Every structure is written in structure tokens, then in C-alpha cells.
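Below is one structure, written out as C-alpha cells; the observations come after it.
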Number of protein chains: 2
Amino acid sequence: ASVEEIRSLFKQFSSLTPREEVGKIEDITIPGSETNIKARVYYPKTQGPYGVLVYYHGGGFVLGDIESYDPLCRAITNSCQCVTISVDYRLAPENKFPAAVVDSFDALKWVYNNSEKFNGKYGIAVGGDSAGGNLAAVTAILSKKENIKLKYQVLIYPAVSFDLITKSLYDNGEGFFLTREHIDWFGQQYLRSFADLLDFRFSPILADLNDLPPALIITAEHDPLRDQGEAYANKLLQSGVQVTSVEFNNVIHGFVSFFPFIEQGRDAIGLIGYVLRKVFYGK
Amino acid sequence: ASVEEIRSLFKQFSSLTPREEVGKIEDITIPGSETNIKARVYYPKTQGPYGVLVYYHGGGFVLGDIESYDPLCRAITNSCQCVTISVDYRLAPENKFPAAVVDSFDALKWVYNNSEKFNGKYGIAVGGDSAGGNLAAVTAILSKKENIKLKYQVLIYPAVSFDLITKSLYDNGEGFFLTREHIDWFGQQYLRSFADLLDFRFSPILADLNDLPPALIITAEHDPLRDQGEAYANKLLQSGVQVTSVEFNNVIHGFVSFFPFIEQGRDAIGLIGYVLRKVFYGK
């Protein structure tokens with residue numbers, strides 16, 4: 001299958017997931033430094049004011065987008081009882097690194113500076129899955145450089161490093177849906193050169209992680225990325241940041257996307273909801 | 001250093017913890033087959049009908065009681081938005097196995113039979129922490145055999161078996177609050193003879209786990225009980241029972257008790273909150 005075909009399949013497959021009713025949906029364009037960034041804004045059923053979650057889809061920096069992540073974002077919105085803003089950052093190979101990073105930061109800055117549009121008096125948070133969790137974490141680092149104060153970061157099986165060494169990568173790199181071959185091919189599309197592996201915007205593990213917002217980190221037992229996820233949690237804790245690190249046993253990478261038929265996915269969406277409700281609202 | 005003095009310290013360094021407001025609170029006394037069983041019923045701030053959680057304090061079958069678990073059970077009620085019933089089972093060493101099990105099943109039998117007194121149309125669940133988690137898992141086994149149909153079980157770092165062999169036991173058996181010496185001493189206070197190690201009511205892992213209620217099982221990373229908690233989960237799964245097994249990283253046995261100072265503890269309370277709201281109300 002071609003790259004385009006597979007992109008199409010993502011959205012096709014998503015029409016099999018039930019779409020939860022929410023408050024209100026709005027498609028906006030965000031004025032970004034290098035491009036115009038599409039975003040969908042999900043309102044909850046409760047009434048403002050609100051905390052705001054800026055969300056970044058996974059997909060290896062190659063795949064995924066707003067439509068195919070529409071069911072997940074609805075379910076997060078109902079769970080978090082928060083405004084959710086799903087970002088369509090530019091995708092490789094058409095747009096190499098650090099395009100998806102520029103888009104993701106621009107989007108956040110913008111939402112942060114326009115939070116009254118969404119009655120977003122309760123603060124901003126970032127989150128994402130996989131490649132998207134990478135974008136969230138990097139976005140939160142860049143934020144510190146700009147004195148943007150975020151409430152929270154929700155990192156769902158994030159990718160946080162180039163990896164040739166984790167046990168989890170070797171234990172789990174075949175037979176569990178996301179394979180080694182996939183990780184390599186993703187990296188080939190996304191990166192310009194070998195020099196990019198020195199860049200904290202690709203491997204956020206590289207950064208000074210002090211004074212980042214408190215975090216929820218979800219890893220998956222049978223996931224090659226498991227160990228690096230927990231390393232990121234560990235280094236955060238080391239740099240004096242509060243973090244709740246949580247491994248869901250018995251599941252594979254991506255499992256949150258599959259909440260309709262993997263109940264542990266539903267329960268993670270539940271945990272994500274709770275910690276955001278708690279930091280925004282005190283609940 | 002004696003049993004009564006040890007008990008006393010628990011209750012005292014637990015008196016300081018600020019208590020969360022709930023709806024209303026009623027002490028009851030259940031007609032036990034062997035004793036009168038005190039219990040404290042916690043109502044949420046929302047209004048019925050309700051699901052009911054029968055909860056069992058930990059403390060190694062030797063410590064713990066209703067007063068000292070009063071902060072936690074309040075916290076649980078608001079999270080689960082569910083009628084919580086704190087059960088004051090007979091303690092060792094004065095009352096040996098299977099005393100605490102008899103009480104724990106008697107109390108559940110009774111709450112099941114008298115659910116309109118609490119307005120529990122949405123059914124019954126069991127839960128507890130540590131030895132408390134044991135009590136709850138055994139109770140659910142005993143319920144199956146008498147066709148008592150439970151909605152859910154919540155097992156928070158459970159003790160599920162006599163253990164000389166797990167990695168987590170050797171890796172985590174010193175330095176992490178709950179130690180080899182303690183596991184041994186508790187088991188000596190609690191058990192009658194070596195023949196009790198054969199008894200599924202001390203080691204629930206022994207039992208046929210078919211047709212039990214779906215479970216949340218929380219383990220702690222630096223916890224000697226971690227591996228057995230996780231085995232219980234996988235054994236349920238092999239037996240056709242849905243379960244969501246979750247390892248909280250960076251934390252010890254007992255961490256949930258410490259939710260005022262340990263934020264992973266609070267977040268755990270929120271997950272339990274969530275899974276009970278889900279199965280009881282659909283929320």
C-alpha cells in the first residue's frame with residue numbers, strides 16, 4: 001500500500017468507531033509561522049469556563065490527522081470535561097522535521113494567546129499519543145523557553161528518543177503491531193539527516209526537564225517504546241517535576257486509540273479525564 | 001513494641017489527615033454468623049439510586065480499622081460517586097484466619113441482601129487495599145459459589161498468595177516500607193497452621209477464577225507483592241474475565257493510603273473513581 005492509501009485507511013477505519021456526542025464542534029484555521037494550521041475544537045456538554053487541552057495525533061509523523069482521530073478526541077473531551085483542540089500539523093515525508101514541531105508549537109502559543117475565544121480561563125494543557133506524545137512533550141519544553149506556563153502534559157505512549165538499546169525494544173519489536181521496521185521507516189521519512197538525532201526537538205529526553213508542568217505518562221506492557229516512556233517519567237521526576245507514571249499491562253502500543261473494543265483503552269481515557277479535571281477544576 | 005501500641009500509632013498519625021466532606025455518614029452493625037460486625041456507610045454528595053462498594057481496609061490482618069481508614073474511604077466515595085461501606089472485620093492475632101474472611105463475606109452477603117436500605121439499584125462491588133485486597137478477592141470467589149452476582153472487584157496491591165519465589169519479592173523486600181520481616185510476622189499473627197497455605201481463602205490464586213466480576217488491579221513498582229498482583233490479573237484473564245491491570249511506577253506498597261502527600265496516590269483514587277462510575281452508571 002502507498003502512503004496515501006494508508007492515510008485514507010486511517011480515516012476509513014475510524015468510521016467504524018462510534019463518535020460520542022459532545023457540546024459543540026468548530027473547525028478553525030490557526031495562523032502559523034510557516035503555514036496555516038487546521039484545527040478542530042471540541043466543546044464538552046458542561047458549561048464554561050474551561051481548561052483547554054491542545055492535542056496532537058500519533059501516526060509516526062507520517063500518518064493520522066483530524067478525521068481519523070475524531071472518535072478519540074470526542075471521547076477525551078467528554079472524559080476531561082474540557083475544551084479539546086486537535087491540531088493538523090504538517091506531515092512527513094512532504095514536510096521534514098521540524099515542521100510538525102513548528103506547527104505544534106505555533107498552534108499552542110496561539111491557543112494560549114487566544115484562550116478567551118474558548119472561555120479558557122482555567123489554563124492550558126498539552127497531550128498526544130505516540131509521535132503525538134513526542135510533539136506534546138517537545139511543545140512543553142519550548143514553552144518553558146518562552147515563559148508560557150502550562151497546567152499539564154498528558155503523554156500517551158510517547159516516543160522520546162532514538163533507540164537501539166532498550167530491552168523493551170528488543171522484547172517487543174515484533175508481533176505487537178508497531179514493529180522495528182516501522183520505527184526505522186518512520187524515522188527515514190521524518191528526519192533530514194543523522195544530525196537531527198542530536199536535536200532535543202526530535203529526542204526530548206535530551207533536554208533539561210526542570211520546571212516543566214506536571215505530567216501523566218502512560219506506557220503499554222507489550223510496546224517497544226515502553227522503557228523510553230518510563231525513562232522520560234524518571235528524568236522528569238529527577239528534575240523535580242511531579243509525574244504519575246503508569247504502565248497498562250496486557251496491551252500493545254496504540255491501545256488507547258482502540259478504546260471501543262479494548263476496555264483498558266476506555267479506562268486510560270478515564271484516567272486522563274480525571275487528572276485534567278483535577279488540575280483545571282480542583283475536582 | 002506491642003500490637004496495641006502499633007495499632008495506636010496508625011490511628012494517631014492518621015488523625016492529622018484532613019477529612020474530605022461527603023454527603024452523609026451512618027454507622028451500622030451487621031448480624032454476623034460469628035460476631036457483630038461494625039460498618040460505616042458513606043454516601044456521596046450526589047443522589048441515588050446508587051452503586052454500592054463493600055470496602056476492606058488493609059493492615060496485614062492485624063492493623064487497621066474504620067477510624068484510621070476514614071480519610072481514604074471519604075476520598076473513595078467522592079471519586080466513585082457511590083455508596084461506600086467500610087467493614088470492620090475481626091483482627092488478628094486475637095481472631096485468627098479465617099475470622100476476617102468470615103466477617104468479610106458475611107458483611108457482603110448482608111449488604112447484597114439489603115441493598116434497598118442504601119438504595120443500591122445499580123448493584124454491588126467489592127474492593128480493598130493490601131490484606132484488604134485479599135479479603136475482597138476471596139469474597140468475590142465465595143460469592144460465585146453462592147450465586148451472588150457482583151458488578152466489579154477493585155484490588156489495590158493485593159496479597160494473593162504465599163510467596164518464596166517472585167522476583168519482586170527479592171528485589172523489593174527491603175527498604176520499601178513493606179518488608180520480608182513484616183510479611184512473615186503478619187502471616188504468623190494471622191494463620192493457624194501450615195495447612196492454611198493450602199487454603200484458597202488465604203491464597204485466592206489457588207482458586208478456579210472462572211466467572212468472577214471484572215477487575216481493576218493496581219500494582220506498585222517498588223512493591224514485593226507486585227508480581228503476584230500481576231499474576232492474579234493474568235489468571236483472571238486466562239479464565240475469560242475482563243480486567244484492567246495497571247502498574248503505578250515510582251511508588252511503594254501502601255501508596256494509596258498516602259494520597260495527601262503522594263499525588264500518584266490521588267491519581268489512583270481517581271482511576272478507581274472512574275471504573276466504578278463506568279460499570280455502575282455508564283459514565
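Here, A, B, ... name the chains of the C-alpha cells in the order displayed, residue numbers run from 1 inside each chain, and ligands are numbered from 1 in the same displayed order.
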- Item | Residue neighbourhood residue 84 of chain A, 9 Å, only C-alpha atoms, exclusion window fewer than 5 positions, as a list in words |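 Counting only C-alpha atoms, the residues come to residues 40, 41, 42, 43, 44, 51, 52, 53, 54, 55, 73, 74, 76 and 77 of chain A.
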Selection file, C-alpha atoms, as a PDB file, in the first residue's frame:
```
ATOM      1  CA  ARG A  40     -10.914  21.125  15.269  1.00  0.00           C
ATOM      2  CA  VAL A  41     -12.281  22.472  18.541  1.00  0.00           C
ATOM      3  CA  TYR A  42     -14.374  20.136  20.670  1.00  0.00           C
ATOM      4  CA  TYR A  43     -16.596  21.630  23.348  1.00  0.00           C
ATOM      5  CA  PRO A  44     -17.883  19.489  26.220  1.00  0.00           C
ATOM      6  CA  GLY A  51      -9.456  24.283  30.790  1.00  0.00           C
ATOM      7  CA  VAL A  52      -8.120  23.696  27.284  1.00  0.00           C
ATOM      8  CA  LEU A  53      -6.254  20.655  26.001  1.00  0.00           C
ATOM      9  CA  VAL A  54      -4.257  21.008  22.807  1.00  0.00           C
ATOM     10  CA  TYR A  55      -3.994  17.542  21.318  1.00  0.00           C
ATOM     11  CA  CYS A  73     -10.852  13.319  20.664  1.00  0.00           C
ATOM     12  CA  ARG A  74     -14.609  13.247  21.293  1.00  0.00           C
ATOM     13  CA  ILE A  76     -11.269  12.567  25.627  1.00  0.00           C
ATOM     14  CA  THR A  77     -13.437  15.719  25.588  1.00  0.00           C
TER      15      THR A  77
END
```
- Task: Starting from chain B, keep only residues with some atom at most 6 Å from an atom of chain A, counting only C-alpha atoms, and report them as a list in words.
- Result: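 The selection requested is residues 244, 245, 246, 247, 248, 249, 264, 270, 271 and 274 of chain B.
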Please identify the strand (DSSP E) residues within segment 45-210 of chain A (assignment by DSSP from backbone atoms) and present them as a PDB file with C-alpha atoms, in the first residue's frame.
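The new file result_1.pdb reads:
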```pdb
ATOM      1  CA  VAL A  52      -8.120  23.696  27.284  1.00  0.00           C
ATOM      2  CA  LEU A  53      -6.254  20.655  26.001  1.00  0.00           C
ATOM      3  CA  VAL A  54      -4.257  21.008  22.807  1.00  0.00           C
ATOM      4  CA  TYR A  55      -3.994  17.542  21.318  1.00  0.00           C
ATOM      5  CA  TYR A  56      -1.561  16.028  18.810  1.00  0.00           C
ATOM      6  CA  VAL A  83     -12.156  22.087  25.561  1.00  0.00           C
ATOM      7  CA  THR A  84     -10.126  19.929  23.225  1.00  0.00           C
ATOM      8  CA  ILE A  85      -8.237  21.357  20.249  1.00  0.00           C
ATOM      9  CA  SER A  86      -6.938  18.766  17.804  1.00  0.00           C
ATOM     10  CA  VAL A  87      -4.079  20.037  15.608  1.00  0.00           C
ATOM     11  CA  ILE A 124      -3.905  25.178  29.068  1.00  0.00           C
ATOM     12  CA  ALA A 125      -2.587  21.655  28.801  1.00  0.00           C
ATOM     13  CA  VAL A 126      -0.924  19.625  26.090  1.00  0.00           C
ATOM     14  CA  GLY A 127      -1.232  15.932  25.319  1.00  0.00           C
ATOM     15  CA  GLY A 128      -0.811  13.445  22.484  1.00  0.00           C
ATOM     16  CA  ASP A 129      -0.251   9.780  21.641  1.00  0.00           C
ATOM     17  CA  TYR A 152      -0.263  19.819  32.484  1.00  0.00           C
ATOM     18  CA  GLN A 153       1.099  17.403  29.927  1.00  0.00           C
ATOM     19  CA  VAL A 154      -0.514  14.077  29.033  1.00  0.00           C
ATOM     20  CA  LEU A 155       1.907  11.785  27.241  1.00  0.00           C
ATOM     21  CA  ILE A 156       0.343   8.590  25.855  1.00  0.00           C
TER      22      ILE A 156
END
```
- Message: Just list as a VMD selection string whatever in segment 107-261 of chain B DSSP marks as helix (DSSP H, G or I).
- Response: chain B and resid 107 to 113 115 to 117 131 to 145 167 to 171 180 to 190 194 to 198 204 to 206 226 to 238 255 to 258
- Task: Grab the atom CA of residue 99 of chain A to atom CA of residue 241 of chain A distance for me, in Å with one decimal place.
- Result: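 So the two atoms, atom CA of residue 99 of chain A and atom CA of residue 241 of chain A, lie 28.0 Å apart.
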- Message: At a cut-off of 7 Å, using only C-alpha atoms, what residues contact residue 229 of chain B? Leave out same-chain residues fewer than 6 positions from it and give the result as an NGL selection string.
- Response: :B and (157-160 or 219)
- With a distance cut-off of 9 Å and only C-alpha atoms, select the neighbouring residues of segment 194-202 of chain A, excluding the residue or stretch itself and same-chain residues fewer than 4 positions from it, and output the selection as a count of residues only. 14
- Task: For each of A:19, A:192, A:96, A:121, take the minimum atom-to-atom distance to residue 49 of chain A, counting only C-alpha atoms, then give the residue where this is smallest.
- Result: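 Checking each candidate against residue 49 of chain A, we get A:121 as the closest.
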- Message: Taking only C-alpha atoms into account, name the residue in A:227, A:88, A:106, A:34 that is nearest to residue 57 of chain A.
- Response: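 So, comparing all the options, the nearest one is A:88.
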- Note on the structure: note - atom CA of residue 69 of chain A and atom CA of residue 118 of chain A are separated by 20.8 Å
